[PDB]
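In full-length UniProt numbering, the protein residues as written are 298 to 455, 464 to 484, 501 to 561, 567 to 1002, 1009 to 1128, 1219 to 1248.
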């Protein structure tokens, strides 16, 4: 039994996983919404607030002129939210096939980038979580039925939420416990709290009002101590000495610290005008030394929300170092003692001059400070937590862009004028003990297949017989005829190897048809290093040595950087040196930065269905296709394998009951079928044109060729519009006629007659009809001189107002004195 559910978990066949496989919503969306009760049942007012709240957040980084009218921008934000939340479409799809519904009608107004679209997904979830918490609290109070003026005012006017809940928890503890302070409140001693002359609530409204609308009422005949003693004497039985006074003052403090109006005031000021200081421990005092990367924050003081908006990494440094108990990041307000005194003046302070008024003002003043100490301690932690998260988000963005630049590398092409995926000969000289360490070379063909490897034993720099190596290389290059050569290695001997290889190429005149020496490039080997020592490489090539697995990986990286990253395991991909700060992210944030980047580029590049069904390397991209995740990618390949025949058209995904409406809409344009029974093959299945735009596509072809409306209406009635694609395909004048459609006018007329906004759609329709699935990644990046160096080598503010010079000096003097003491110890 227990072993049955292990194999289910392994195969992704648990009940929970079967629901995910079956449900017609993108897998990632199902994962994201898993913790959200009633995801689809938000009120109208809430949906409205979510659009404005989100719209504002994205608006930030756009830097829109103060004059700028934000109305069309907010409508784009609304549209994206419709697509994500109501139509369950993913970012790649929205960006590919709805760009004009998230862009400004007017040229270069605004565009919601893919970055924006991912933020909107994340913020959407997060807004639904709030609404969840808000509905939980508001349903918890409406359930109580009690009519507390504070909370009723609250849900009308509206971390305030947590405070409201706590105020109900504190005040009505007994009344809800059906559905310590509470028992003191029943005690006779609580009379003394009444005698203080102003309720916690009144203080709260004083502070909210900014003036003392509720003046305290001093006890007429008695001081605090007397009132207490009168209450003790009149209750010999129950109560059993200044401790009593302390208690009254403690529980009154407590009532003050639970007031939402007081906590709200402090929260807003503290969160706007905080400063961060570093407080060291001995461990941090000696460890930095000037060598660690903290030479500009070892005595960091008075850091502002602006300082951390600009350099958000800085704080995370602080939080990790504190989790190392090397230091502790302290947040505080500019003039905290004075900020509190001021609030006391406005809220509690009396100018009555009698002894009785004096002792009561002192008593209230103490209770108020005790309460403000608690509030500040809480708010200090909230602002810290939210600053951490806020900085983790800024870093997540850059980690995602860095990883995307790695992924956004087109297959290396040796001759840009005649783009052809090259036959590859990749080499490594390993340790580089020339004449002792064999040189390893591998030959991988255009389709990505490994053909064979070589083991050159001729010493490249043989003094007596140099020509031996030259000739062997010539032989290999005549047998394989590569179009490009890729290399890399552990040390600078790899460089000498490269220089040499250039000489041998020119001497033997190994060239292109164009007479240019075949290009040699250094190849990023961060994947190759992890592959050569992997179970899957040992499994894929059971009886080859490390450096052969390493060279196969070099070639494969040249062919598709994307597929190389996409074929690492979670463990292997997370261990890459992607960004120096990536370890400051939570595993969940890191996973999201990587996954969104995968999804962006995997859908840009697409996946040929047939080639994935029976090739696991290539099928590794499937899980990142719009609509798919890890469970749907499997279920889908299994559906295809059961089919025992190749897929002939996109539409078969639905006729065969492989995909339903939604996952089909999400994915169909990113899943293609290569073009070259007869009536069963659609040519548009080899383009980035989506099935829903097929009718538009054939119309573009018909107009390109200048066909009559009688002829078009005729085919339109017949149901043979598809015939126009072949007609454009036969026609030899097709490129010039396509290129001559004025696409702006065409989108104008189209919208005018149908209301559809399809300009961007029409653009990639004409480009895809010219040449299906042209390559759209940015260029392959051969390692440049600097990176070569680092690869083979390993080598790569003290202003008194923001820097604690005094502490630095005193710590330096105590350290020196420390060294003197350590010396003496002999």
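Quick reminder that beta carbons are idealized off the backbone N, C-alpha and C, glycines included.
- When the alpha-carbon of residue 988 is set against those of 331, 362, 380, the nearest one is in 380.
- The continuous stretches of beta strand (DSSP E) do not include residue 969, and DSSP gives it neither H nor E.
- Residue 574 carries a helical assignment under DSSP once its states are collapsed to helix, strand and coil.
- Excluding sequence positions up to five before and after residue 615, its CB lies less than 8 Å from no other CB in the same chain.
- Sequence-distant partners of residue 329 (beyond 5 residues in either direction) whose C-beta falls short of 6 Å from its own C-beta, in its chain, are 422.
- Following the DSSP letters along the chain, one finds residue 656 in no alpha helix (DSSP H) but inside the beta strand (DSSP E) bounded by residues 653 to 659.
- Between residue 631 and residue 717, the CB-CB gap reaches or exceeds 7 Å.
- Among the bridge pairs identified by DSSP, residue 601 is matched with 658.
- With respect to the C-alpha of residue 816, the residue from 795, 848, 933 having the closest C-alpha is 848.
- Spatial neighbours of residue 1113 in its own chain (CB-CB distance under 7 Å, excluding positions within 5 residues in sequence) are listed in chain order as 735.
- Boundaries of the alpha helix (DSSP H) around residue 880: 872 to 885.
- With respect to the 7 Å criterion, residue 1108 and residue 979 are not classified as neighbours on the basis of their beta carbons.
- Residue burial is scored here from C-beta neighbours: residue 777 has fewer than 16 other C-beta atoms within 10 angstroms and is therefore classed as exposed.
- Residue state for residue 933 is assigned as strand, using DSSP reduced to three classes.
- When beta bridges are read from the DSSP output, residue 475 appears opposite no residue.
- In the DSSP assignment, residue 781 is bridged to 766.
- A residue is called buried when at least 16 other Cβ atoms come within 10 angstroms of its Cβ; residue 307 does not meet this threshold and is exposed.
- Bridge partners of residue 848 according to DSSP: 813.
- One thing to note: residue 772 has its Cβ within 7 Å of the Cβ of residue 747.
- The three-state reading of DSSP puts residue 776 in strand, counting E and B together.
- Secondary structure at residue 415: helix, using DSSP grouped into helix, strand and coil.
- For residue 706, the enclosing alpha helix (DSSP H) has its first and last residue at 681 to 733.
- One thing to note: residue 579 has its Cβ within 7 Å of the Cβ of residue 697.
- Residue pairing by DSSP places residue 739 opposite no residue, since no beta bridge is assigned to it.
- Counting every other CB atom within 10 Å of its CB across the protein chains shown gives residue 298 a total below 16, marking it as exposed.
- With contact defined as three or more Cβ pairs closer than 8 Å, the segment 805 to 812 and the segment 906 to 922 are not in contact.
- In the structure shown, the three-state DSSP call for residue 1001 is coil.
- For the pair residue 936 and residue 973, the CB atoms are nearer than the 7 Å cut-off.
- Under the three-state reduction of DSSP output, residue 629 falls in the strand class.
- In the DSSP assignment, residue 1227 falls within the alpha helix (DSSP H) that extends over 1227 to 1246.
- Buried is the label assigned to residue 905, since at least 16 other Cβ atoms lie within 10 Å of its Cβ.
- About 7 Å separates the Cβ atoms of residue 348 and residue 371, confirming a contact at the 8 Å cut-off.
- Secondary structure of residue 1120 (DSSP, three-state): helix.
- In the three-state scheme derived from DSSP, where H, G and I count as helix and E and B as strand, residue 508 is classed as coil.
- Here DSSP, grouped into helix, strand and coil, assigns residue 752 to strand.
- Assignment of residue 928 by DSSP, reduced to helix, strand and coil, places it in the helix class.
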